[PDB]
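Just the one chain here, the form deposited in one PDB entry, laid out as structure tokens.
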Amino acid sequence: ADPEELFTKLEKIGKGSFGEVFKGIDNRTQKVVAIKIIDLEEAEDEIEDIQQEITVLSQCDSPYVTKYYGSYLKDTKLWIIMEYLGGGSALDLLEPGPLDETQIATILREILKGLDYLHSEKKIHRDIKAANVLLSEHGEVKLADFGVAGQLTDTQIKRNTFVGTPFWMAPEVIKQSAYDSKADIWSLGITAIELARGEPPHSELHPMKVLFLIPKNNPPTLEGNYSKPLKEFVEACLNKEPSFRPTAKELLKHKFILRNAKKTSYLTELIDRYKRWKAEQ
């Protein structure tokens, strides 16, 4: 029916040129939801990504993947109703200052559970990065932005498409050879660096340069004051050879994760920190 009847927006929480995201309410139940509204008139090229995300999320049912509740059409606007996640993104939560290795290990663990779910459903996220990891106010950690996610089948054996964000992209994705879920494991290893240092490797460089640097160089390493097991976690992820990369399931039992990860509810203090930080200034 009419989405402006069914839903009420409470607060604009995100904005772009083609769309806006709100905190809002299902009026029938008073449930808080995320409401992403796309101006279909302005959307042009990225409309295929919108379609792809809706399709993939409608096929997902995991506590580690942002829920999709439906789409509504009202004039030039597409309303996409989604699980509200109010803690902020992992990247957002880096703003007030660095994470400790307990927080990092917990976040990576939860991402790994999400990747394990997706890969078992023969899906590939293909844009894993801290900005795409969204937290709930309880400290749950869930995956979002499925605009370029890919589907493996029997009609098509692997993927080829040059897609993702350059600094996080696997070398085999840059080369556009046949790749699979192991590409997400590379991106996860880059995300581990990003969680530790605040930025991905080569973050000051032009994206175009990174497209030849990533295949040309040895894999990035985590440098500085970070525990050996974290550096070995990064090292295992960022193997040039995908068949030598571990799976997400295996990584759940990496010693860095086992010795450092704790209950997700402990992440609420990371969210509190952001609230206080946000409020000031």
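Each form is matched to the other, and the largest set of C-alpha atoms that superpose within 1.5 Å is called the rigid core. Don't overthink the numbering: it's just position in the shown sequence, from 1. Shifts are known only where both forms have a C-alpha.
The same protein also has a form deposited in another entry, omitted here; what follows describes it.
**Q** Any CA movement of 2 Å or more for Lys263 between this form and the one not shown, core superposed?
**A** Where the cores coincide, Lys263 shows only a C-alpha shift between this form and the one not shown that is less than 2 Å.
**Q** Please state whether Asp61 has a C-alpha shift of 2 Å or more between this form and the one not shown, with the rigid core used for the fit.
**A** No, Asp61 moves less than 2 Å.
**Q** Is it true that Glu235 shifts between this form and the one not shown by 2 Å or more at the Cα, once the core is aligned?
**A** No: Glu235 shifts by under 2 Å between this form and the one not shown.
**Q** Can you tell whether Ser17 sits closer to or farther from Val133 in the other form than it does here, judged by CA atoms, where the change is 3 Å or more?
**A** Distance between the C-alphas of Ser17 and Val133: shorter in the other form, by 3 Å or more.
**Q** Once you account for a change of 3 Å or more, let me know if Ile107 and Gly16 sit closer or farther in the other form, using their C-alpha atoms.
**A** Closer in the other form, by 3 Å or more.
**Q** Go ahead and list the segments of at least 3 residues in a row whose C-alphas all shift 2 Å or more between this form and the one not shown, with the rigid core as the reference fit.
**A** Moving regions between this form and the one not shown: 9-22, 39-52.
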